[PDB]
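Letters A, B, ... mirror the listed sequences (proteins, then strands); counts begin at 1.
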Amino acid sequence: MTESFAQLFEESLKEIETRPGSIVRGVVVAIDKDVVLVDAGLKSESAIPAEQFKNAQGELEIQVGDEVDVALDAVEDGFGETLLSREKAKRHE
RNA sequence: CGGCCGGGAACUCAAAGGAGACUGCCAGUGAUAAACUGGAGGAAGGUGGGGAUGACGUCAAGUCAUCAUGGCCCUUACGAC
Ligand SMILES: [Mg+2]
Ligand SMILES: [Mg+2]
Ligand SMILES: [Mg+2]
Ligand SMILES: [Mg+2]
Ligand SMILES: [Mg+2]
């Protein structure tokens, strides 16, 4: 039963959403003082700067393993990076 | 009325050996950086101040009168009193 990658990939493509600007969920893989690694699972676990996750008091409410929601800008950048933005989701909200 | 004189190892000082200051800490900037700026502490803060220390080479630079030395010249003389 060599399940064809064609139909498996079709299943995957209907499983997710790929368009610029789309608000998509993600898993926060790691948190650092500088950037936060998030994963929407497209081509690369992206990294978003820290201030995008800070409140008026400059607090990183977000923790590791939390499911956050960021706006995908481009699925790729020429540098092998998915580009995600939290501030865009903030504007949407 | 003078450390002067008993006296004391407190203090200056005399040298000898050590401690200390390294962006070490904090904040911001910065390119997830090197570094920079500011602040605290500190006697001292960013090489703390100063000195000694002069790479490969250039100027056929200077010195045959410090010295040494290749050559050339004088030897009753350019030597010596
Ligand atoms: Mg200072
Ligand atoms: Mg030196
Ligand atoms: Mg000459
Ligand atoms: Mg000269
Ligand atoms: Mg001359």
Side-chain angles (χ1 to χ4, degrees):
Chain A
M1 292 178 287
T2 64
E3 298 168 358
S4 72
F5 166 73
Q7 115 257 179
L8 299 187
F9 172 73
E10 225 304 310
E11 301 161 359
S12 68
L13 251 194
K14 39 143 278 305
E15 191 177 323
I16 42 85
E17 142 81 16
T18 52
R19 266 148 291 280
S22 309
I23 315 284
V24 184
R25 299 172 168 171
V27 170
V28 174
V29 179
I31 296 184
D32 293 331
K33 43 194 171 173
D34 36 291
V35 300
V36 192
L37 279 176
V38 196
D39 170 72
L42 305 169
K43 198 222 173 187
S44 63
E45 303 83 9
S46 176
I48 336 186
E51 11 80 356
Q52 297 200 37
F53 293 89
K54 299 174 182 167
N55 62 349
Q57 304 87 59
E59 302 180 5
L60 291 177
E61 305 174 342
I62 294 169
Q63 197 224 198
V64 190
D66 303 3
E67 182 267 301
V68 296
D69 25 16
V70 293
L72 153 84
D73 327 23
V75 27
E76 293 177 350
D77 211 1
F79 310 121
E81 295 180 340
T82 54
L83 191 54
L84 310 179
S85 177
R86 179 61 182 187
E87 290 161 355
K88 290 285 185 55
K90 291 179 175 171
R91 303 176 184 97
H92 201 281
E93 299 144 10

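Sugar conformation, B/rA60: south. The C1'-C2'-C3'-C4' torsion carries a negative sign. Evaluation of the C1'-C2'-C3'-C4' torsion of B/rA21 gives a negative value and hence a south sugar. Using the sign of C1'-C2'-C3'-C4' as the criterion, B/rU58 falls on the north side of the pucker cycle. A positive value of the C1'-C2'-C3'-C4' dihedral assigns B/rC56 to the north, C3'-endo side. Evaluation of the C1'-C2'-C3'-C4' torsion of B/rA52 gives a positive value and hence a north sugar.
Remark: B/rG2 base-pairs with no nucleotide; criterion is Watson-Crick or G-U wobble with both hydrogen-bond distances under 3.5 Å. In this entry B/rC36 has B/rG28 as its Watson-Crick or G-U wobble partner, both defining distances falling under 3.5 Å. Pair check for B/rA16 finds none; no Watson-Crick or G-U wobble contact set falls under 3.5 Å. Partner assigned to B/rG57 is none, using Watson-Crick or G-U wobble distances below 3.5 angstrom.
Nucleotides B/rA33 and B/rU23, compared at atom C1', are 15 Å apart to the nearest Å. Comparing B/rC22 with B/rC36, their P atoms are spaced 15 Å from each other, to the whole Å. Between B/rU37 and B/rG18, the two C1' atoms lie 36 Å apart (nearest whole Å). Taking atom P in both B/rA16 and B/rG2, one finds a spacing of 37 Å when rounded to whole Å. Nucleotides B/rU75 and B/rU58, compared at atom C1', are 45 Å apart to the nearest Å. The same atom, P, is picked in B/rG62 and in B/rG48; the two are 43 Å apart, to the nearest Å. Nucleotides B/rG17 and B/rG38 have their P atoms positioned 38 Å apart, rounded to a whole Å. Rounded to the nearest Å, the gap between the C1' atom of B/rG30 and that of B/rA35 is 8 Å.
Between B/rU63 and B/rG49 there is no base pair of the Watson-Crick or G-U wobble kind with both donor-acceptor distances below 3.5 Å. With both hydrogen-bonding distances under 3.5 Å required, B/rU76 and B/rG20 do not qualify as a Watson-Crick or G-U wobble pair. In this structure, B/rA65 forms no base pair with B/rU47 under the Watson-Crick or G-U wobble definition at 3.5 Å. Nucleotides B/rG46 and B/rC25 fail the base-pair criterion, which asks for a Watson-Crick or G-U wobble arrangement whose two donor-acceptor distances both fall under 3.5 Å.
For the consecutive pair B/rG51/B/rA52, the pyrimidine-type rings sit with centres less than 5.5 Å apart and planes less than 30° apart, qualifying as a stack. In this strand, B/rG30 does not stack onto B/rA31; the six-membered rings are not both under 5.5 Å apart and under 30° in angle. Stacking between B/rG46 and B/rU47 is absent, since the six-membered rings do not have centres under 5.5 Å apart together with planes under 30°. With the rule of ring centres under 5.5 Å apart and planes tilted under 30°, the neighbouring bases B/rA44 and B/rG45 are not scored as stacked. For the consecutive nucleotides B/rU63 and B/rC64, the six-membered rings of the bases fall outside the stacking limits of 5.5 Å between centres and 30° between planes.
Under the 4.5 Å side-chain heavy-atom criterion for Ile, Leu, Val, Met, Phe, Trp and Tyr, A/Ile23 and A/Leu42 are members of distinct hydrophobic clusters.
Formation of a donor-acceptor pair under 3.5 Å by the A/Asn55 side chain with backbone atoms of A/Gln57 is found in this model. At distances below 3.5 Å, at least one donor-acceptor pair connects side-chain atoms of A/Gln52 with backbone N or O atoms of A/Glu87. A donor-acceptor contact shorter than 3.5 Å is absent between the side chain of A/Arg25 and the backbone of A/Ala40.
Protein atom CG of A/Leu37 is 11 Å distant from nucleotide atom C1' of B/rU32, rounded to whole Å. Rounded to whole angstrom, the span from the NZ atom of A/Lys33 across to the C1' atom of B/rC26 amounts to 14 Å. Rounding to whole angstrom units, CG of residue A/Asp34 and P of B/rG30 are separated by 14 Å. In this structure, CZ of A/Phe79 is placed 17 Å from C1' of B/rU32, rounded to the nearest angstrom. The distance between atom CD of A/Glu51 and atom P of B/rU32, rounded to the nearest whole Å, is 11 Å.
Using a 4.5 Å cut-off on side-chain heavy atoms (C-beta onward), A/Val28 and A/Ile62 make contact.
Other residues, nucleotides and ligands place more than 12 heavy atoms under 6.0 Å from the NZ atom of A/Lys14.
Because its glycosidic torsion is within 90° of 0, B/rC22 is reported here as syn.
Of the listed residues (A/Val27, A/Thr82, A/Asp39), just one forms a side-chain contact (heavy atoms from CB on, under 4.5 Å) with A/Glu45, and that residue is A/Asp39.
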